[PDB]
Each structure stands twice: as C-alpha cells, then as structure tokens.
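Observations on the model geometry
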Amino acid sequence: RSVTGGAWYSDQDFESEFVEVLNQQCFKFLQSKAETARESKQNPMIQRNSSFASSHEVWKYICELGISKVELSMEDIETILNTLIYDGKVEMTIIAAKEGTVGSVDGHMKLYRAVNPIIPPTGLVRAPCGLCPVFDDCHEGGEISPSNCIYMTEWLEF
Amino acid sequence: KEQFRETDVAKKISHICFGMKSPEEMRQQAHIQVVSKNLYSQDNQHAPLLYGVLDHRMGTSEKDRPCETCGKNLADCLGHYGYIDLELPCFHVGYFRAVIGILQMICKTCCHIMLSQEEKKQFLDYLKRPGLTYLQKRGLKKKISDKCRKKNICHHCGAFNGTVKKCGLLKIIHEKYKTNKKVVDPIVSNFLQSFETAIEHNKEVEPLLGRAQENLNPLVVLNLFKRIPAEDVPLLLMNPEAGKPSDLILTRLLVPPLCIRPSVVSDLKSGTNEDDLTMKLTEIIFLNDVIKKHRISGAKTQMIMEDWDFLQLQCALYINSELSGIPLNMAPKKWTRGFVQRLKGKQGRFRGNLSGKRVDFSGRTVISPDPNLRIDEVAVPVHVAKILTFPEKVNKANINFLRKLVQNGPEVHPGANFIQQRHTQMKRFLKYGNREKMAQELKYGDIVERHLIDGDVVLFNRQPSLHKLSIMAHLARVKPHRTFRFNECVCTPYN
Amino acid sequence: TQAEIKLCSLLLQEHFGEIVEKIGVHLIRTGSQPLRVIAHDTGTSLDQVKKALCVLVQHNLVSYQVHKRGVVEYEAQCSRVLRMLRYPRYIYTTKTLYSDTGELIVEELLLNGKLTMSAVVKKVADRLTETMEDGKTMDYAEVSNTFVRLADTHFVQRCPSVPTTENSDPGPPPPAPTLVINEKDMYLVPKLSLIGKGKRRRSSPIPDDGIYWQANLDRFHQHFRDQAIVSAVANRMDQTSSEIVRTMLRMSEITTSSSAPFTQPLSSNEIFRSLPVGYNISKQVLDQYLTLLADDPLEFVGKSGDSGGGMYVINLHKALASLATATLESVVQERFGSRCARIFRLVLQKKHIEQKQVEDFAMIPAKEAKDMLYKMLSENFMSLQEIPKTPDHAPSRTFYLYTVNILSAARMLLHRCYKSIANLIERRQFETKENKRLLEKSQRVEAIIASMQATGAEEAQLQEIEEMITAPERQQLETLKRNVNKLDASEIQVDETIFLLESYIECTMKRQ
Amino acid sequence: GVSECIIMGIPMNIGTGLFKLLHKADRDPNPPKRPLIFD
Amino acid sequence: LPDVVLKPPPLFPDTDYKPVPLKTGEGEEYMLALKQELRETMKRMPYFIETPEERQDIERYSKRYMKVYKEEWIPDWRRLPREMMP
Amino acid sequence: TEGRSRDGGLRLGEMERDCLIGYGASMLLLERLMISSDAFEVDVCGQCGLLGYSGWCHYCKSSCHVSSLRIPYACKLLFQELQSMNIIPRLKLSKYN
DNA sequence: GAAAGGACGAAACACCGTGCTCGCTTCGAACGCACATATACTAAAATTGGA
DNA sequence: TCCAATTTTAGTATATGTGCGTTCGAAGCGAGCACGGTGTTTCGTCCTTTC
RNA sequence: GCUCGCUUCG
Ligand SMILES: Nc1ncnc2c1ncn2[C@@H]1O[C@H](COP(=O)(O)OP(=O)(O)OP(=O)(O)O)C[C@H]1O
Ligand code: SF4
Ligand SMILES: [Zn+2]
Ligand SMILES: [Zn+2]
Ligand SMILES: [Zn+2]
C-alpha cells in the first residue's frame, strides 16, 4: 500500500474531495455525539464518556454511510481523525481497556470527542495590517503607506 | 508677482557621513523595479526591455538613446538607481563579520546586549565624552565584545547563550545546546528528547543527534535584529542616525545606473558587450525567479536551501568577486569584476582614477640637447604648440594682441583656434568664417584659445619621478624642430 | 525596539504634547543621561527640558538616580509608556469589579499619576456630584471606604516616600532626595477625619501631605491573567471548572507574589468551604473536578502533595505557555488558513519533523504543504535545525528538521502587534488631520448652538444650522467617526494579545 | 587631510591654501545707519 | 524554468483571508467611549504642555480679551530634584 | 584615453601628485586633477545628503535643499558605486565662508 | 532530352539548463608578514575531605 | 576545625591556516568576444516515374 | 569600444 495503491490514491491522483467529505462527516458525527452528551446532562463523567467515540465506532459509522466504494480500514479512519485533531477541532484520549469490541491496540483504546476551540479569533486578524502579505514593506513615507492603503480602504468601505 | 529664490550658492562640502540604507530607503531612492532577467527585446532593433535590466529609466549608456527619467543626453545624465526585491534575505558579505560580531554581542533570545547595568552605564559614560576618534571607537568595540563573550548567561531573560561562530561559507552556527561534561541541564535534555518522532521516522537522526546546534539563517538573524532595542544600538558602536542593525541583512539590491555599466553595441556581430555587474544582476534575478517557481511548485527543502545558498553566493560575488570559502562545486568558472575588484588594485578607482588620473592639454616627446637656451627655458615644437592651447581672457591690455592672433588663424603659428563669447558659451572655430569680423567683434571678457607662444609657463616632467625636482615649470620657446630641447645643466634633476 | 520607540512616541505625542514627547523618545533611545546633555542633544531651551522631565516623572514614566560626584541621571521606563495604553482596560476592570466610585478613583490616579488621598477623594466627589442631581451631595465617607477597599486589594499603592531629612543626614541638601520604597506602609491609608461635600461646578494644612498614591499595574496584570486563565478553562471543560479555578486563584492572590513557577498549594477542604454557596456541589464533586483537571494534558493544575485530603496546586507558567500557544496557532490559522494551522500544530507537537513526515501525518498533498512551510519560514514562525553530517554544512549532505520556537515566535508576534498598533494610531491621526477642516467647520456650526443656549436664545437660530453646505458633508463626518471608532476598537483589542505575549515573555525569564 | 582634498576636488589645506587672502577695497566698515523716525 | 514578468508585482497584493470582525458587546463600546473621552480630556490637562507660540506681530488692546488663561499645576519640589525649579 | 593610437592624454601618476604636494602648489594640483581632467557639476540635496539630478531630489521629493557642486567625475562614480555597495556617503554641504 | 508531386535532409531559430561527451580531480603554493582562533594546558584559587 | 588534594577556570602563550601586498609610466600588435546541444520549422534539391 | 597576453621603449 505504501509504494502503490492506497485508499486515498485513485489512479495516481490524490482525492482531496474524498478526504474532505470524510473529515466533514466525521466532524458532524462527533459534534452530534457531543451535543447529545451535553443535552443528556446525567453526570459530567457520563457526559464525557458518552461524548467520547471510539475509532471502531466511527469506522463502522463511516462504513454504514458508504460514501465511496473503496473499503476503508480502521487505521484509515484513525488517520482521518488524527488529521481532524491537527485541525484543532477534536480531541483524542488513550484509555486503558484490555479487550472489547475494538481490540486494536493492546490494552489501549483511543476515544475521540468534538471540542470547541480555546479562544475566538484574536483581534490582530480583525485588522488588515495583521493579514497583509506585504507587511514588511510598510513605511510611513513611501509607495506603500497606511494613508493610501488599499486594504484598509476596502475594509472601511465594506 | 515673482518669488525670490537663490540661483546658485558657493556650497563647500564639509564632511562625508558614511552609513547604511534600510530596504524602505532603497525603495524610496530607486525609481523603477527591475524584474525582467532579459536585456533586449525580441525584435531586430534589440531595444532594451521595460522594467528590466539596461532600462533607460536608470540612466543611459549610449550616445544616441537618451535617458527616460531626465530628458538629457549621455554627457548630462547623472544616472538613476533601481531596486530589485529578493525572495529570501541574504547576508551582506561586507558586513558579515559585523553580523557575527553583533550576534556575539547581543543575546539570541531577548535581543538584548550581554552587559550588566553597571557595565552599560560605564560604557555609556565612556562613549559620551566629546572628541571620540575612530581608533577609540574600535578599541571600545573590542573591549565590549570581549566583556560580552566573557559572559554565558543572560541577565535580562535568563536564557543560555553559547558560542556563535562561522561554519562553511556565509553560514552562522550558535552552539546553544552544547555538550556538558558535568550534570546536564534540563534544556539540552529536552532538546535531545524532542527528536522522538524524527528518530522513529528516520533512524539516521539518532547517530547524528550530536553537533545539532542552532543555524542562524538570514531570516532568523533579520528577525532578531528587527527586535533589538534602540538603547543598546549605541553600545554596539554603530551610529543610530547612520544605520540600524536590521540594515546589515540585505533584502533589496540597488542596481546602479547605466553610467557605471557601459554597454558596447558591436554591430559587427549579433551581440553586445556588457560588464560583469549586468551579468551578475541577471543571474540574481534568474535565481529569484527560480526560487519563486520552486516555492510555487512545491520543491524539496534540500534544493530550496541549495538555491538560497547559491543566491547568497551570487550576491556575495556581485559585491566581492574574490572569496575564499567558496566550495569547489560552487566555484565560478570564469573571473568576474565585482565592486571590490573595481575599487581596489592598481587600476582601481582610488589609484587609477582618483589619486592619479589622465589629463588633456598635455604632450609627450623625445628630448634632444640644446645648450643655447637658458636653464629656465624649454624648446617646444611648432606642431605641438599649435595643438596645446591656452585660454586667454580679453582685457584692456592684450586686446590688440588677441586681435592679431585671431586674424592669423589656426594655420599661422602665432594665433588661436577657438573663440568663446562672454554672453553665450557657444565656441566658434577660427578655421571657418571671416576671422577679421570675429577679431573686430572681440568684446572684453571673451575667451581666446591662443596657441602656445613664447613666455608661457609650462610644466616639464620625466614620468619616472624620484624627487620633486623631476618636474619643473619652465618658459616655453617655440622652435621649428620636433623635439623638447632644454639646457643640459638641468639634466641631473630629470636624470 | 524601533517599533516600541515609535509607539511610545505616538502615545506621548497624543497624550502629553510635542516638546515632551521628544524628551521622552530621547530618554528611551539613549537611556540614562544627565539633564544638561539631554538639553544639549535635544536642542531646546532648558526650561522646556525641566518641564518635560517633571511632567514625565509625575506620571511615573521616568526615574532619577544619583551617581558619582552627586550627578542626577534620568532614565525612562519604556514598559510604563507601553502600559499607558492599557488605561481603558484598567478603568473597565475597576468599574466591573467595583462601583463607579472606584472607577473615577482609578481614572484620576491614571490621569494624574501621583496624588494624595484627600485630593483624589475630593476630585471624585466633585465629579460624582455631576452624575446625580436633585440637591444630593457626595460625602467623603463612602469615597474613603471605596479607596481603602481598593487599597487592601493592592489595586492602589503608595508611591515611594522621601525619607526624613532631619533624621537621615541632617545638613547639606543632596541634589536628589533619593526616594526609597517601604513595604510596611505600602498599602496603609492615612486616618483623615475631615469630610466635605462636592461642589456642583457653580463657579460663583493637609493631613495626608507627602503621601502620594498611584495605580498598581502589577495587580491589574495579575487580575487580567487570572481572567484569561478562567476564560480558557471555561472554554475547555465547563463553567464549573472555571468557577473552581477562579476561587483557587482568588485564594492564591494574597499568599503568592506576581512571579513564581508554582503557587501555594491548596487543600480540597478549604476550596470547598471557600467556594460560593450558590453552587450545589458536594465534596466528592469537587474531588472529581480536581482530579480530572490534574489529568488534563494541558497541566493547568497539579497535585503536588497528598496531605489534607485533596492537595492541589495551580501551574501559572504552564497556563501562560498554553495561552501563548493558543494565540500563536490562532494567528497562524487566521493568516494562512486552517491547513497551515494544522501543519503548525503538527510541527509543534512533534518537536522535530521533516517534509515527508509532515505530509504523512497531516494528509496534505504535495506542492502545497511545502509551500505553507516555506511561507512560515519566510515569516520567522519556525527555525530549521539543519543537523550536518559533516562540518562543511553543505545542503546536499545534511538533514533539515522543522521546529517551532515559542519564545522567538512570541517576541516576533509582539513586535508585529506593536507595529500594528503604531500603524493604526498613524492612520487615525492622518484621518483626523486630513479632515480637520470639516471638523472645525462642524465645531463652529455646532458652537453657534452651544453659544447662547438659554440666555437670549431665539428660535430663529435652529433652522439655519443645517442650511449651510455642511449637510452633504455630514456623511463624510459619519464615515470619519465610524472609522475612528473602529480603529480605536482594534487598537484596544490588540492590547489583549500584547498583554498575553508580554506576560509569556516576562514569566519565562530569570533575570539572573 | 590632503588626500580627501584631492579626491573631492577642493584646494588642500597645505601649501598655498593654509591662509586666506583679503581685498584692499575702498570701503567703510559699519556704515552710518539711516535713523528711524517712527521708532 | 520560471516565466518572465513584464510588469512588477502589485504594490498591495490581494489576499483571500480577511481580518476577523472585532468583538462586540457593551464592554468594548464602553472602552472605546472611555478612550475617546480620555483623548478629549487629556489634551486640555495642564500636563499636556503645548508648543509655546512666539513671534507676535503687534500688541493690541484686545490682547487682554484674547489672553489664554489656564490653571497650572504646582509640582512637588520635595520629591523632584532641585535642578527642575524654574 | 590611454594610447596615442587612441589619441589619449598623459597621466599624472601618484608620484607626480606627490611632487606637486611637496612643492605646495595647491591651485596647480587642483587645476590639473580636477578642472582639466574630470570636472563636473552635480546636484546634492542638503537634507538627505544624496545626489540629485537637474536640481531635484527624488529621495525627498523636493528641490529646495538641492544645490550645485563642483566635483571630479571619478569621485561621483565612486560615490555611486559605494551607494550600490550599501555604503551610502551622506554629504553635508555648507557655505564656502 | 525537359517536368512534376512528393520525400528527405540540411540549415537556422530557440527552449532549457547551467559552460566539461562522465560526474573527478589536478599541482603548486610565489613570497613575507601581521592580524587571527583553536587548542592546550599550566598554574593557582577554591573548596571538599581526612585527621 | 584545619592542612592537603582535586578540580575548574580563565588567561596566556606557542602555533598554523587566512588575507594582504609586490615602481612610474609610454607605445605597438594578435585574439576573441557566451553558446552550444540538439529539437524542430522551413526550404530546397534531387530517387524514380512521366512527357 | 571593454578585457587580457606578448613585445619594446627610458
Ligand atoms: N623600470 C624603470 N623604472 C624607472 N626608470 C627607468 C626604468 N627603466 C629605465 N629607466 C630610466 O632609465 C635610466 C636608467 O639608466 P641607467 O641604468 O642609469 O644606465 P644604463 O641603462 O645602465 O646604461 P649603461 O648600461 O650604464 O650604458 C634611469 C630611469 O629614469
Ligand atoms: S499596507 Fe496598510 S494595512 Fe497593510 S501592513 Fe502596511 S499599513 Fe498595515
Ligand atoms: Zn538620467
Ligand atoms: Zn536574553
Ligand atoms: Zn533629499
């Protein structure tokens, strides 16, 4: 699978749409599970345990969805969830479980839950100066000046 | 009605204040941006491209094509600079030693200088004295550098500061995570253990885990210099008004005008003769474009860093074409003339164009003895006397003499060749036109380029000069022969 | 620190004037210098230099120290000039935590720098007599109560007091009185029995003399850090954990200093008994909350002991590092997108990593992940390790490993925020200056109404104000007003990120 | 210095350029001033 | 090989990412209004020293009517060193 | 130029300059090495210290402080080459008095 | 002996990579002389350990 | 508690690999100038088959 | 016209 083929590669072409759909569906499932756990409000420990979703559970859910024809292994969904973690949207915890319906890792199970971001977008990105690509060439007197800036002009006009 | 503005002032230069320019000042000074790597157009006229190298908006180098910025010919065009933007910053080979020095002076974490408050105050009081000379400045820099290199920990933020040295060519290595023979610090242990994923995916990282110190590429060095407090700038012995620490790393290249880069249009073949600086700038622009293309196409980091090092080397060769630490595979094939080579040497600007330069109104001839002349007199041939002219101003005393000189013309030996009027500076050749009418219209103040006549003080020299007596001012006497004749008694000074 | 100098220059010009901002910038750039050399280098008269130095030392911006031969040297505090921008946030937090009386107290303390308790209570009473009406007068009793309540909470602190001249070296007076600081009477208010009523601006011997007070910015910084930590832990787990950590930080405020890697540990019993009774939470619920917060991979709190039931401690430096990491990942996400933020978090969690490993772990196709990596390299968001096989350091025979340094990136982000606020102030001043003609026109046409408001006020002057050509220019006036409002809002909101980065940079240094 | 004088194209301080010359023109330093009637 | 560019890149290149809108609420608006009030009230404060006007054209009877009057704060010379007394 | 086939003039070498210095003839040295060889009139801005053209400074976008100055052309070439080398010579002009 | 429709090949622009067909590969210094930077290492100062 | 040994700590002092210089000029000539590696478009000329 | 090499000249 490493030198050729793969669940994502189709005829030597990376399927960005496929991984995007996988990420969106997994995030929607995790968000719905977290919402149900929050609305259950039975007990904080029980809420956290119910918000957690095992890799096998979400893998079976994706298989039930059947978006694509190619068979997706458990480690494929694990890598998709890891990419989602790298997106700053979900959180994974390794708990101790000897054996169960997953049986993937010896004595360890990975549980994934949708988590809200830490802080809202900062104030720097709300200003055109923070997102400027030619910020280095900024100067008081010159061709690129804050007085005659086009970015701030369009931002204030909008 | 009319505003009073001064026409001309007798301005005299007092002193030259050397310094550096920031990239913003480079953009402000330059007129156009050079982005095209080619020189001429595809058409058979081979006109220079627009916004590229050899563009006439940065001056002119041909007698027929005038400058586009200022509507003047080659003789009146002073030239205009341009600015070229670099994708990645490069170390300035001229200030590279200064860059290393500053990196040794300041901390690599908080950008503050490695000096306590008492030592800071002492150095400030020692620097505040008037009449500070260059030798005193260099000695103070040496002392402060030694006292900064004595310390190893920062008193401002507490971060460790190891040795900073030069590895390879134009590369700086800071030994932050040095090997400690005694009990190791937590910082170096965390740094060593942070390579877990790298070792898992690449085992070769584990044996080469040692000698993995910090590499100060131009990006990190520029970012550090941009955060240096202005209070510590005078402590670095650098004048704040002259320049800033961020100016030592160049991001824009000032392409000089066409006056410094003369271009020869060799119509005998299908090519033009250009200096080395034009080719170096072309190669630099090509390297910038290639780096941008690789960044867009997503190339490997190894080839990206190779292109960055090649750009740094080409910029260094453009500044100084004679380096030592150039790799054999990166060594140039031919020899190019950089700015350093154009400045230094026997044929440089200082020795070949500033201290000693060629002049006009001079001749060179073989000598022959003539004892019938006085020791303060020298015989000049008629042929040379008709060429070397002296500008005499028309006054109330020599008016009737200059009239006859103009009447004789450029053919008879006693006479003149050119007349410059007082009102208009348009020269008039005496070989054409009625010379009698010009002589009758000789106003006071006019300049007459008279021939070398008897009594004119003239310098006479032998080019191999040992003492000052090798060149003496004599009185010229014209003779029909073709040699410089003088009294043989003056042979001993000239040897 | 060129951006810092520019920001301080802009602040001093907007707040104090021109002849004083030059002296301030000279002091910041050149450091400690005697008065005569300052006057010589600046190029102005001696009296203007003296006035600038006095008005700067009044607001605690500069300090004077003695040296050899009895010379006095003045050194400016760039940090204080930078904290000057946080005045609106200080006033807002003192209005939130206390009543409007403390709000006016802190406002007067910040606008005057150093004042006595009698003076500040008199000014607060005079200003609050305008807020209310119907003959109600403002007494000094409640104002003094609010002042001492602010004092015991360390929000206001006594300025350094000059030692007694008679007891300490009686004889020739020194050039400088050499003000010293005493922690005994640092927060001890004087006993002032005199009271009074504030005047309503009709326009028709000091017991506490020598005791000057000022705003303790360290307490405000600690309160802002506590609020940020509480908001973070609220966004992470729940509001109950936020209330728990708020109670813990409130208990730790008094028993701890402003700079410590760890606070004083607390037990579960005292946290339970100190928690507000509004929460129906038992002992076991608090124990579960503490033991689940201790297992957080962010390490906000720590056990650090087992005695006294549940003994726990709070990690302040770790929390500030986590906040700085969140700020950096947020700015990366908002500047280069979510995929670049994913790559950044990948290269942050994995201390050292290469391009192929990044592509394998992030599942981002080629020709795009390398592009974002190079873009982050060009902006100093990370540094290459460049482990060489040979000391030649040739690129073809070495490995390049990506690694994000939080300290250098935080310093670069702080410099960027400084320059951003400087550019915002410059743009606001430019918009104000370019429209000053319409501003003066509107001021005149509105002062026509402001004049003769009641005395000799005929109705024939109300239908001619909008008759002038100012009516179509009212649109440009509104655009200028909303632009200035948005610029000020952005300048204020960037100050939060500035505070976070400055706290992270300060708490990671040792100052040895 | 002499070298910078030669480079910049100005007369050097050594030699004949050490001193300055003045013109013995018929003049009257501090000439009589016209009195002000209004002041 | 990379292509040649005839015109320089734009002075302000466009970006697909826009700044996040500012935070809203009573607190931010109150802080904005308070900052504006401080700007308006600190210029008239005696600590705000203005540039001393000079070169008066003439003296007039209206000078007393147009004479700018403003109370001046008295610095505490006990804490301030002796070198700053007028 | 250099050669006779190129119709060049004679060269006052370094040792000739040394002899002229030893004689003390400042005006003759000035006329030989500046007036008669590479005399030129440049425009220098008194504000930034840079070289202007046609009585105009592009750096400061003004022409009030621009003043004419006599100079050897080789010296102007050296100044331009140094400006190309990031070694910016800033000339502070003043009256001849 | 003249001719033509199609075919090949020879010459001149021209895009791409980087002056050498492949990846190798040498010699010699050019000669003095003042900066140096690495190492190295010597010795003493200081503090821990035995009596 | 005090004298003796171990270490470390910096400074100093003898090398060894760097960079910098090596007279003034004057006059002639011969050479070659960046290109070349070949892939492709264009033009022309000539193997047989036709009058 | 730029460069380099040779060659001479004192
Ligand atoms: N390389 C040189 N540098 C300076 N001057 C030179 C040089 N070559 C020749 N000359 C000039 O030529 C003169 C040398 O002549 P000199 O050596 O005194 O006589 P000579 O050539 O030995 O004649 P004899 O062999 O004695 O008949 C002196 C000098 O001005
Ligand atoms: S162009 Fe304007 S918005 Fe962009 S960085 Fe410069 S000043 Fe800020
Ligand atoms: Zn021009
Ligand atoms: Zn530091
Ligand atoms: Zn100028």
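Residues numbered from 1 in each chain as written, not as in the entry; some residues may be left out. Chains lettered and ligands numbered in written order. Part of a larger assembly, values for the part shown. Heavy atoms only, no water.

**Some points on the protein's contact with RNA strand I**
By nearness alone, every residue bordering RNA strand I is listed as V264, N273, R462 and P464 of chain B together with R6 of chain F. What you see for RNA strand I is that sugar and phosphate hold 60% of its atoms within 4 Å of the protein. Contact distances for RNA strand I include 3.1 Å between a base nitrogen and a side-chain N or O atom of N273 of chain B. Take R462 of chain B: an N or O atom from its side chain is 2.4 Å from a sugar or linking oxygen of RNA strand I. In terms of residue class, the surface near RNA strand I is made up of 2 nonpolar, 1 polar and 2 charged. (Near = heavy atom within 4 Å. Polar contact = N/O pair within 3.5 Å; in protein donor to acceptor, adjacent residues only side chain to side chain. Nonpolar A, V, L, I, M, F, W, Y, C, P; charged D, E, K, R; others polar.)

**A short note on the protein's contact with DNA strand G**
Around DNA strand G sit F286 and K333 of chain B together with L1 of chain E, and those are all the residues in its vicinity. Expressed as a percentage, the sugar and phosphate content of the atoms of DNA strand G within 4 Å of the protein is 55%.

**Regarding the coordination of the zinc ion (ligand 3)**
Residues and elements named next belong to chain B. The protein atoms that coordinate the zinc ion (ligand 3) are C67 (SG), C70 (SG), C77 (SG) and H80 (NE2), at distances of 2.4 to 2.5 Å. Of note is the zinc ion (ligand 3), whose 4 donor atoms meet at the metal with angles of 86 to 146 degrees in an arrangement that counts as irregular. Along the chain, the residues donating to the zinc ion (ligand 3) are arranged with the sequence spacing C-x2-C-x6-C-x2-H. On the basis of relative accessibility, which here comes to 6%, the residue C70 falls in the buried class. (Donors = N, O, S within 2.8 Å, 3.2 Å for Na, K, Ca; no water. Tetrahedral: all angles 85-135°; square planar, octahedral: opposite > 155°, others 65-115°. Buried < 20%, exposed > 50% of the residue type's maximum accessible area, 1.4 Å probe, protein only.)

**A closer look at the coordination of the zinc ion (ligand 4)**
Residue and element names in this part refer to chain B. Distances from the zinc ion (ligand 4) to its protein donors, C107 (SG), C110 (SG), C154 (SG) and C157 (SG), fall within 2.4 to 2.5 Å. For the zinc ion (ligand 4), the 4 donor atoms are set out with angles of 96 to 124 degrees between them, so the coordination reads as tetrahedral. Of note, the donors binding the zinc ion (ligand 4) are all from one chain and are spaced C-x2-C-x43-C-x2-C. For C107, a relative accessible area of 0% corresponds to the buried category.

**Things to note about the interface of chain A and chain E**
By a widely used convention, the size of an interface equals the accessible area lost when the partners come together. Between chain A and chain E, the contact holds 17 residues from the first and 12 residues from the second. Buried area between chain A and chain E, both sides added, is near 1300 Å², and the carbon and sulfur share of it is 74%. When residues of chain A are sorted by the area they lose upon contact with chain E, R126, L131 and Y151 of chain A head the list and together hold 46% of the total. In this assembly, chain A and chain E are joined by 0 salt bridges. For the interface between chain A and chain E, the tally reads 5 residue pairs in polar contact. (Contact = heavy atoms within 4.5 Å. Buried area = accessible area lost by both parts, 1.4 Å probe. Salt bridge = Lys/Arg side-chain N within 4 Å of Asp/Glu carboxyl O.)

**Focus on the side chain of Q157 of chain C**
All names here are of chain C. Examined against the element boundaries, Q157 turns out to sit in strand β4 (residues 156-158). A distance of 3.1 Å separates the side chain of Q157 from the side chain of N216, its partner in a polar contact. Sequence-distant contacts of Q157, defined by excluding residues within four places in its chain, comprise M186, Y187, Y212, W213, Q214, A215 and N216. (Helix = DSSP H or I, 4+ residues; strand = E, 2+ residues; numbered from the N terminus.)

**Remarks on the site of ligand 2**
In the region of ligand 2, the neighbouring residues are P128, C129, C132, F135, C138, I144, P146, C149 and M152 of chain A together with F12 of chain E. Chains contributing residues near ligand 2 are chains A and E. Taken together, the residues that form the shell around ligand 2 break down as 10 nonpolar, no polar and no charged.

**Remarks on the nonpolar core**
The tendency in soluble globular proteins is for nonpolar side chains to be buried as a group. Among the nonpolar cores identified, the biggest contains 209 residues, and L27, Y74, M376 and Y402 of chain C are the most heavily contacted of them. Residues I102, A159, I172 and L224 of chain B belong to the second largest nonpolar core, which totals 40 residues. (Core = buried A, V, L, I, M, F, W, Y, C linked by side-chain atoms within 4.5 Å.)

**Brief notes about the interface of chain F and chain B**
At the junction of the two partners, chain F supplies 58 residues and chain B supplies 68 residues. Both faces considered, chain F and chain B share a buried interface measuring about 5900 Å² in area, 57% of it formed by carbon and sulfur atoms. Summed over the three residues of chain F that lose the most area to chain B, namely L10, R11 and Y59 of chain F, the buried surface amounts to 13% of that side. For the interface between chain F and chain B, the tally reads 5 salt bridges. The interface formed by chain F and chain B contains 34 residue pairs in polar contact. Of all the secondary structure elements, the ones that give two or more residues to the side of chain F that touches chain B are β1 (11-12), α1 (14-23), α2 (26-38), β2 (39-45), β4 (66-72), α3 (73-84) and β5 (88-95) of chain F. For the side of chain F that touches chain B, the leading source of residues is α3 of chain F, giving 12 residues. For the side of chain F that touches chain B, a count of residues per class yields 29 nonpolar, 15 polar and 14 charged.

**Digging into the packing of aromatic side chains**
Scanning the entire structure with this criterion turns up 24 aromatic pairs over all chains. Measuring from centroid to centroid gives 5.5 Å for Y151 of chain A and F12 of chain E, while their planes differ by 70 degrees, and the two rings are edge-to-face. Residue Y151 of chain A is located in helix α5 (residues 150-157), and its partner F12 of chain E is located in the segment before α1 (26-42); the two belong to separate chains. For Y151 of chain A, a relative accessible area of 9% corresponds to the buried category. Members of the aromatic cluster, connected to one another through ring pairs, are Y87, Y90, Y98, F155, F220, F224 and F499 of chain C. One residue, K12 of chain B, lies across the ring of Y96 of chain F, its end atom 5.3 Å from the ring centre. Sitting over the face of the ring of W155 of chain A, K486 of chain C holds its NZ or CZ atom 5.3 Å from the ring centroid. (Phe/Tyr/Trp six-rings, centres within 6.5 Å; stacked < 30°, edge-to-face > 60°. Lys NZ or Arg CZ within 6 Å of the ring centre and 35° of its normal.)

**Notes on the UniProt feature "zinc finger region: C4-type" in chain F**
According to UniProt, the feature "zinc finger region: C4-type" maps to residues 45-60 of chain F in the numbering used here. Here residues 45-60 of chain F is 0% helix and 19% strand, with 9 Å between the C-alpha atoms at its ends. (UniProt positions renumbered as here; feature names shortened; annotations may be inferred.)

**With respect to a negative patch on the surface**
The grouping of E154 and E157 of chain A together with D14 and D16 of chain E at the surface amounts to a negative patch. Among the secondary structure elements, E157 of chain A is positioned in helix α5. (Patch = residues over 30% accessible without salt bridge, like charges linked within 9 Å, V, L, I, M, F, W, Y side chains within 5 Å. Areas by Shrake-Rupley, 256 points an atom, 1.4 Å probe, with all protein chains shown as cover. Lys, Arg positive; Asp, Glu negative; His and termini not counted. Charge placed at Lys NZ, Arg CZ, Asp CG, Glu CD.)

**Considering the pattern of salt bridges**
For the structure on display, the rule yields 56 salt bridges over all chains. One salt bridge in this structure joins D87 of chain A and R342 of chain C, with 3.9 Å as the shortest N-O distance. Placement of the pair is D87 of chain A in the loop between α4 (74-86) and β2 (90-96) and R342 of chain C in helix α15 (residues 338-349), with the two residues belonging to separate chains. The pair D87 of chain A / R342 of chain C is uniform in exposure class, with both members buried. Residues joined by salt bridges that share partners form a network here, namely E14, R428, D488 and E491 of chain C together with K35 and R39 of chain E.

**Topic: the side chain of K21 of chain B**
Mapping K21 of chain B onto the fold places it in the loop between β1 (11-19) and α1 (23-29). Buried and unpaired, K21 of chain B has no salt bridge, with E25 of chain B as the nearest side chain of opposite charge at 6.1 Å. With residues up to four places along the chain from it excluded, the contact list for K21 of chain B reads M26, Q29 and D247 of chain B together with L50, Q83, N86, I88 and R90 of chain F.

**Topic: the sheet that holds strand β1 (residues 33-34) of chain C**
Within a sheet, adjacent strands bond to each other through the backbone by hydrogen bonds, running parallel or antiparallel. Residues and elements named next belong to chain C. Read across the open sheet, the 3 strands follow the order β1-β3-β2; overall the sheet is antiparallel. Two strands bound the open sheet, and with one partner strand each, they are β1 and β2 (62-66). The pairing of β1 with strand β3 (residues 72-76) spans 2 bridges and is classified as antiparallel. The partner of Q33 across the bridge, within β3, is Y74. Contacts from helix α2 (residues 19-30) reach β1, β2 and β3, with the element oriented near 95 degrees to β3. (Pairing = 2+ DSSP bridges. Axes fitted to C-alpha atoms, helices over the stretch in contact; angles between N-to-C directions.)

**Looking at the sheet that holds strand β15 (residues 427-429) of chain B**
All names here are of chain B. Spatial strand order, β13-β16-β14-β15: 4 strands in an open sheet with antiparallel pairing. On the outer flanks of this sheet lie β13 (389-393) and β15, each paired with one strand and no other. In this sheet, adjacent strand axes meet at a mean angle of 25 degrees when their direction is disregarded. Relative to β15, strand β14 (residues 416-420) runs antiparallel, the two sharing 3 bridges. By the bridge assignment for β15, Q420 is matched with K427.

**Some thoughts on the packing of helix α20 (residues 470-507) of chain C against α1 of chain E**
The contact between α20 of chain C and α1 of chain E brings their axes to 10 Å, and the two run at 105 degrees. It follows that α20 of chain C is roughly perpendicular to α1 of chain E by the angle criterion. Within the contact between the two elements, α20 of chain C uses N485, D488, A489, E491, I492 and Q493 of chain C and α1 of chain E uses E28, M31, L32, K35, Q36 and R39 of chain E. For the contact of α20 of chain C with α1 of chain E, the class distribution of residues is 4 nonpolar, 3 polar and 5 charged. (Parallel < 35°, antiparallel > 145°, perpendicular 65-115°, else oblique.)

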